[PDB]
Structure formats: C-alpha cells, structure tokens
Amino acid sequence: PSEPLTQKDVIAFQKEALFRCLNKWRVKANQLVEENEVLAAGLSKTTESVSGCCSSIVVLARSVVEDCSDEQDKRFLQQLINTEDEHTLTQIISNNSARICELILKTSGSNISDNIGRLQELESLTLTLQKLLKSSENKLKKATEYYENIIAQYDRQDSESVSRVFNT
C-alpha cells in the first residue's frame, strides 16, 4: 500500500514514506481549513445580503397590511411578516412574487407603523440570538479539539512505544 492504515503496519514502513504521507494530509488539512473559513465567510456575507432584500419585502408587507381589505390576503401578509426562516420566507416570496407587488401597489397610500413593541420584541430577540450563536459556535470549536483528543488518545493507549517509555 501507499499509505499505512494501522499503528501495527508502520513498523515495516520506512520513515521517508511516513513523512511524505503525513505532510500530504497535513497540507490537505491546511487547504481545507482555509477553504472552510473562506466558505463560511462567504455564506454569512450572502445571508446578510439576501436578508437585505427579504427584509425590504417584509417591511413593505408591514406597511400595507392595515389598508388591505380581504383577510385571505392579510393572512398572507401576516404569514409573510412574522416568519424568520428564510427558506420558508423565500418560498413564500418566490411562489407568490407577483401577488406581493399587487398588494403593495393596491394600497392607496403609505401608512404609519402602529407597533413599537415589535421593535422591542425584536431588540430583545436580536440580543438573545447573538448570544445563542456565539455559544453554539463555541460548543463546536471546543468539540473539534475534544473529539480529536479522544480519537488520538485511543491510538496512544494501544501504542507499544508509549507504554514502554512512559508507563510506570
């Protein structure tokens, strides 16, 4: 084989081959962290800019619900206004895109928002969600080290060399 698969199998392999194999994975891991960092960056930069458009439709929906008359359309704007799942929201907008433009123009004039409580409710939620995102990513960051530790310590516990040098 080109690369060894077990700790038992390495005794036959020369060092120069083991080094060549280690670097290929080490270099592959470094390219992959750069790819993972830049990809997770571009995924956040896109979700902010997609939410830019999505929110503008939600804002226009909130502005015209008061003057809409038939409630099956008001229920549609309400269902649209209060969802926070972009897949849900984007489907609602993609599937009914013309209807939305119709309901926005059909309203006679620009009407004032009546609720500041939703802005406080969002302000509190905005803070709670920022706190939850950092704690969720931290749970993931410590876990990558934690799981890679237990996997590596299984190889150490079964090693003949380690048990010879250090075990008393």
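Note that residue numbering begins at 1 and tracks the sequence as displayed.
The stretch 78 to 86 shows the higher mean C-alpha B-factor when 92 to 100 is compared against 78 to 86 in the entry.
The stretch with the higher mean CA B factor, choosing between 47 to 55 and 60 to 68, is 60 to 68. For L105, the recorded CA temperature factor ranks within the middle third of the chain's modelled residues. Among all modelled residues in its chain, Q120 ranks in the highest third by Cα B-factor. Compared with the other modelled residues of the chain, the Cα B-factor recorded for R26 ranks in the lowest third. Ranked within its chain, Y154 lands in the highest third, by CA B factor from the PDB record. Sort the chain's modelled residues by C-alpha temperature factor and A40 lands in the lowest third, per the entry.
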